[PDB]
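Inspection log for the structure reproduced underneath, given as structure tokens.
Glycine also receives a Cβ, built like all others from the backbone with ideal geometry; neighbour counts cover every protein chain displayed. Derivation of every value follows stated rules applied to the coordinates shown; laboratory data play no part.
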Amino acid sequence: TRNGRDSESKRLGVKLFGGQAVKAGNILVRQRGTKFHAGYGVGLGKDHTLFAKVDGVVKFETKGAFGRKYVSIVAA
Amino acid sequence: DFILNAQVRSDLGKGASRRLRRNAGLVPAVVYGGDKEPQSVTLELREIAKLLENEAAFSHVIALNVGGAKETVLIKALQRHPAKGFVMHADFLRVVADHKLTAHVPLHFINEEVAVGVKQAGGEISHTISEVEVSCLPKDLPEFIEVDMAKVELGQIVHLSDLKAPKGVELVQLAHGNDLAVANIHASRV
Amino acid sequence: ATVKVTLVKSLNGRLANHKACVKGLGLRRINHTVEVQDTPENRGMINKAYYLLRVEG
Amino acid sequence: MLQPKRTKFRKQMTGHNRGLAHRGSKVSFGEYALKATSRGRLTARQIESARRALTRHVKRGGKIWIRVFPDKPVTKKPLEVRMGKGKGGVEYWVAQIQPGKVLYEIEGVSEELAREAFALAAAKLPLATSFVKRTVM
RNA sequence: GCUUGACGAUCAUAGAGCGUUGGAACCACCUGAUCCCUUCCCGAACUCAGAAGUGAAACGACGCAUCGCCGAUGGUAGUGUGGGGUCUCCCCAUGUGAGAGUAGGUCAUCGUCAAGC
RNA sequence: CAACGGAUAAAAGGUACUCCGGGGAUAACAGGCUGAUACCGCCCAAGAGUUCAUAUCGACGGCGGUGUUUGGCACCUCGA
RNA sequence: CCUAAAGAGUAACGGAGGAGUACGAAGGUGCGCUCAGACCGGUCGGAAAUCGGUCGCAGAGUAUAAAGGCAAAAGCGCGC
RNA sequence: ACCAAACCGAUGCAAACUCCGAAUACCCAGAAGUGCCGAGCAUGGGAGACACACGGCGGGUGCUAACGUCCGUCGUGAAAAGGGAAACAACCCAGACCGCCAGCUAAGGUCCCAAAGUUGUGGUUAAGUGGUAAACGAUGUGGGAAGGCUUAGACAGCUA
Ligand SMILES: [Mg+2]
Ligand SMILES: [Mg+2]
Ligand SMILES: [Mg+2]
Ligand SMILES: [Mg+2]
Ligand SMILES: [Mg+2]
Ligand SMILES: [Mg+2]
Ligand SMILES: [Mg+2]
Ligand SMILES: [Mg+2]
Ligand SMILES: [Mg+2]
Ligand SMILES: [Mg+2]
Ligand SMILES: [Mg+2]
Ligand SMILES: [Mg+2]
Ligand SMILES: [Mg+2]
Ligand SMILES: [Mg+2]
Ligand SMILES: [Mg+2]
Ligand SMILES: [Mg+2]
Ligand SMILES: [Mg+2]
Ligand SMILES: [Mg+2]
Ligand SMILES: [Mg+2]
Ligand SMILES: [Mg+2]
Ligand SMILES: [Mg+2]
Ligand SMILES: [Mg+2]
Ligand SMILES: [Mg+2]
Ligand SMILES: [Mg+2]
Ligand SMILES: [Mg+2]
Ligand SMILES: [Mg+2]
Ligand SMILES: [Mg+2]
Ligand SMILES: [Mg+2]
Ligand SMILES: [Mg+2]
Ligand SMILES: [Mg+2]
Ligand SMILES: [Mg+2]
Ligand SMILES: [Mg+2]
Ligand SMILES: [Mg+2]
Ligand SMILES: [Mg+2]
Ligand SMILES: [Mg+2]
Ligand SMILES: [Mg+2]
Ligand SMILES: [Mg+2]
Ligand SMILES: [Mg+2]
Ligand SMILES: [Mg+2]
Ligand SMILES: [Mg+2]
Ligand SMILES: [Mg+2]
Ligand SMILES: [Mg+2]
Ligand SMILES: [Mg+2]
Ligand SMILES: [Mg+2]
Ligand SMILES: [Mg+2]
Ligand SMILES: [Mg+2]
Ligand SMILES: [Mg+2]
Ligand SMILES: [Mg+2]
Ligand SMILES: [Mg+2]
Ligand SMILES: [Mg+2]
Ligand SMILES: [Mg+2]
Ligand SMILES: [Mg+2]
Ligand SMILES: [Mg+2]
Ligand SMILES: [Mg+2]
Ligand SMILES: [Mg+2]
Ligand SMILES: [Mg+2]
Ligand SMILES: [Mg+2]
Ligand SMILES: [Mg+2]
Ligand SMILES: [Mg+2]
Ligand SMILES: [Mg+2]
Ligand SMILES: [Mg+2]
Ligand SMILES: [Mg+2]
């Protein structure tokens, strides 16, 4: 056998789901690439991490051309 | 001839359909088309399977008697058991006098024995397809389309454009610029 | 308005989700009957544990 | 015998064989067919054995199709070898068969000649089969 | 309300293809390279100064389902809970329920402002 | 410091001359489970048998039985 | 990356591949631009050099494995 | 008269393919009731344990072999007696505070051993099948939907 290798998992995915209350600086998605794009009130890190710049709730909408998925923050 | 009796079906779902086939010997079915809301019906298994033995069971219009109501109908699709081969479901298309219906029609190969490619060249006859998809008004829907192979030599290909359809009958596939082969004469295997 | 509910089968070895449905109605042991108001919240626990109960109505 | 010219990977997991054959349950090319009515798997030596036993009986014209292809490699651990120490090496290739799958087709012969020839083929296969005819729907 | 521009809403039922049509204005092509600005060369593109010509091209409007795209009803597959069998796989009761295909739709629908009636 | 949470700045072997504490937490013998393999039956029948498939055999393939060989596992026994 | 059972995590002497670097510009910014491929025509090349036209929509590219991304291109060029 | 990329149509397959796509399970919020009178959380005192086993479901490995092995998720044993499966940790029913020469039920049962139907109605089996078994083979027997011939003489027999 010459196969017994693997790397440690990274715990990616959605951290806050649609409708949850958020605070500024909260991490929403951990990503490789942009499966989701930063909507209104959302910033993007250098590893494509989506974080909240303002307070409100998560929205998650598929809009625009290119059929992209956006995560935005709206006022409750 | 082509007459069926069916009853209205009001219990729907996976469980209700399985009890029809298991405990009553019935078949679920649907009638749609024309200009009406679709209707769910049920009919005898041994009655539909008897009519299906007729050659022109899919290229013919049928008088469907649901309850006491009689309407004219053509058989559109047919679901069968993959292993045992009996009919599990069937759907019915309503027939209107002035409206084009699109149906499958079987072919008939005549005078294969007198084929030029057979007696002289000693070649076999192979039917690439055995039915064709047509589109026409109900008043001129044929029970079959007849293709002859008298003037066919060895190595010759018969296409959809070669065969001729009755008046008012259109071949669907030929309209889309695709004349797929129907039959050919080729050399013997050994 | 209300509905009779009676526990007829044992609670041993049931799914933890189903144990909390019987406990949420107020049922303690076999052959014990309670009064619960017929509301959609109470009906949902009755349906989830239908096989453990006898609903007289 | 029959096996892919090349494959992306050398080995495969065993998997499971469930369901019915809704795809591949029609007589698509010929006039008569041999159809499987039980589930199992053919080892590409039973396919070749049943083909030679089938074409020999006709010996005069007729076209014959094979609708099954063995594309699943299976391994085997050699004798006197313990458990573990890696997966075994590939020995033969197999095809998964679900009930209702058409195995062979033929045209250009009488119904009785096809019915006799498919009987000889079915005696080399480790599963129940049946004889069917082509229908419009 | 009728026509043309700019910015949006929404991302194919809104796209593609074929055909007819628009110059009073608007726009586009158009004339020249003196002056700002430009080509790893070229006023081709960017830029400036324009008013001889045209709607050819481009753009817009209008028709057509051939393609593309949407797409039922019903059935089938799978599946949570409880129980059975001949237990590699299935069936029953209850809840849920596709993908594909079929009948059939589609040549979009709106908002703000400025110019011509 | 890759033996990659890195014993020390600094380190290889033999024991059939051996010894102690423990283990059926773990091998060798026999038992048990299994039956790939082994052995014994049966199904199909191209073919051999001058002709003739089945007097006698029987290719390519398929289905079982017995625990009966080579194995797999490590459940019992290392205060025998 | 799969196993991994549509949140995270999840073992085997399970199935497959890489790393122990590189770059003072391969970083920042402003401006500007779209590939691969096919066909036709064109001197030595002729299947493939540079060129002109049409189609093409990312089948190219990304310093380096694979996966996830890339039109405000994250791809390509120039000045500071 | 050989081969033939590519293209068109028909037709299958994929853990490391996806134009699609559930049920469940996971987060979040608002509500009625129940909670053994608490369930949650935080901070301290004391631990034990870090050899697990089988059964079901989803998988890898093995031969979809093992009372094999390695994971996920439930139940039981471990640390759970009582009744049933002849006997039988892990299967089914059910969780033992004590006493009673009282009653009703669960799984499983009702000819005798041995408590309770030689109970009632309609059928099937002739094999002690029940109370072990595959490909394959057979005028066993019951039921059902249909066919080829035939009083212009069908099939078996007899008289030339
Ligand atoms: Mg490995
Ligand atoms: Mg891991
Ligand atoms: Mg991982
Ligand atoms: Mg930044
Ligand atoms: Mg169901
Ligand atoms: Mg239980
Ligand atoms: Mg496996
Ligand atoms: Mg499939
Ligand atoms: Mg539906
Ligand atoms: Mg659908
Ligand atoms: Mg679709
Ligand atoms: Mg260490
Ligand atoms: Mg270490
Ligand atoms: Mg250390
Ligand atoms: Mg020493
Ligand atoms: Mg000692
Ligand atoms: Mg000792
Ligand atoms: Mg041991
Ligand atoms: Mg150990
Ligand atoms: Mg001994
Ligand atoms: Mg031993
Ligand atoms: Mg055996
Ligand atoms: Mg011979
Ligand atoms: Mg045995
Ligand atoms: Mg022995
Ligand atoms: Mg062990
Ligand atoms: Mg012993
Ligand atoms: Mg010992
Ligand atoms: Mg002793
Ligand atoms: Mg996951
Ligand atoms: Mg999961
Ligand atoms: Mg673990
Ligand atoms: Mg390595
Ligand atoms: Mg870069
Ligand atoms: Mg990539
Ligand atoms: Mg752009
Ligand atoms: Mg997949
Ligand atoms: Mg209390
Ligand atoms: Mg330890
Ligand atoms: Mg610890
Ligand atoms: Mg441990
Ligand atoms: Mg262990
Ligand atoms: Mg464990
Ligand atoms: Mg265990
Ligand atoms: Mg399992
Ligand atoms: Mg396993
Ligand atoms: Mg096991
Ligand atoms: Mg074990
Ligand atoms: Mg388990
Ligand atoms: Mg557990
Ligand atoms: Mg317990
Ligand atoms: Mg213990
Ligand atoms: Mg007990
Ligand atoms: Mg007991
Ligand atoms: Mg007992
Ligand atoms: Mg027993
Ligand atoms: Mg009872
Ligand atoms: Mg008695
Ligand atoms: Mg009696
Ligand atoms: Mg009786
Ligand atoms: Mg007996
Ligand atoms: Mg017996």
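Below are the figures for this structure:
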{"read-out": "Criterion: of a type in the set (K, R), in contact with a strand residue (DSSP E or B) (Cβ under 8 Å, 6 or more places away or on another chain) and surrounded by 13 or more Cβ atoms within 10 Å (Cβ to Cβ) - qualifying residue of D:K26, D:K11", "value": "D:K26"}
{"read-out": "Residue ranges of strands (runs of 3 or more DSSP E) in segment B:1-75 with at least 1 members in contact (Cβ under 8 Å) with a residue 40 or more places away in the chain and not aliphatic (A, V, I, L, M)", "value": "B:3-8, B:26-33, B:61-66"}
{"read-out": "Cβ pairs under 9 Å, 6+ apart, first in segment A:5-26 and touching a residue at least 12 places away in the same chain (Cβ under 8 Å), second assigned to a loop (DSSP other than H, G, I, E, B) and within 16 Å of ligand 1 (Cβ to nearest atom)", "value": "none"}
{"read-out": "Residue match in segment B:3-25 (condition: over 20 Å from B:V105 (Cα atoms) and under 19 Å from the mean Cα position of the chain (by Cα))", "value": "yes"}
{"read-out": "Failed item, numbered, when A:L12 is tested on (1) more than 16 Å from ligand 4 (Cβ to nearest atom); (2) surrounded by 13 or more Cβ atoms within 10 Å (Cβ to Cβ)", "value": "(2)"}
{"read-out": "Number of positions in segment B:53-79 that are closer than 21 Å to B:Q7 by Cα, within 13 Å of chain D (Cβ to nearest Cβ) and surrounded by fewer than 18 Cβ atoms within 10 Å (Cβ to Cβ)", "value": "2"}
{"read-out": "Among the candidates B:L174, B:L180, B:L163, residue that is more than 14 Å from chain D (Cβ to nearest Cβ), closer than 25 Å to D:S28 by Cβ and out of contact with any strand residue (DSSP E or B) (no Cβ under 7 Å at 6 or more places or on another chain)", "value": "B:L174"}
{"read-out": "Some residue of segment B:166-184 being β-branched (V, I, T), over 18 Å from the mean Cα position of the chain (by Cα) and closer than 18 Å to B:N111 by Cα", "value": "no"}
{"read-out": "Matching residues, segment D:32-50, being surrounded by fewer than 18 Cβ atoms within 10 Å (Cβ to Cβ) and more than 16 Å from RNA strand E (Cβ to nearest atom)", "value": "D:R45, D:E48, D:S49"}
{"read-out": "Residue match in segment D:65-82 (condition: under 30 Å from B:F58 (Cα atoms) and within 12 Å of another protein chain (Cβ to nearest Cβ))", "value": "yes"}
{"read-out": "Search result, residues across segment A:28-60 that are within 13 Å of RNA strand G (Cβ to nearest atom), in a strand (DSSP E or B) and either among the hydrophobic types (A, V, I, L, M, F, W, C) or within 14 Å of chain D (Cβ to nearest Cβ) (or both)", "value": "A:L28, A:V29, A:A38, A:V42, A:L44, A:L50"}
{"read-out": "Selection count, segment B:99-125, where residues are more than 19 Å from B:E143 (Cβ to Cβ), touching a residue at least 60 places away in the same chain (Cβ under 8 Å) and within 13 Å of chain D (Cβ to nearest Cβ)", "value": "5"}
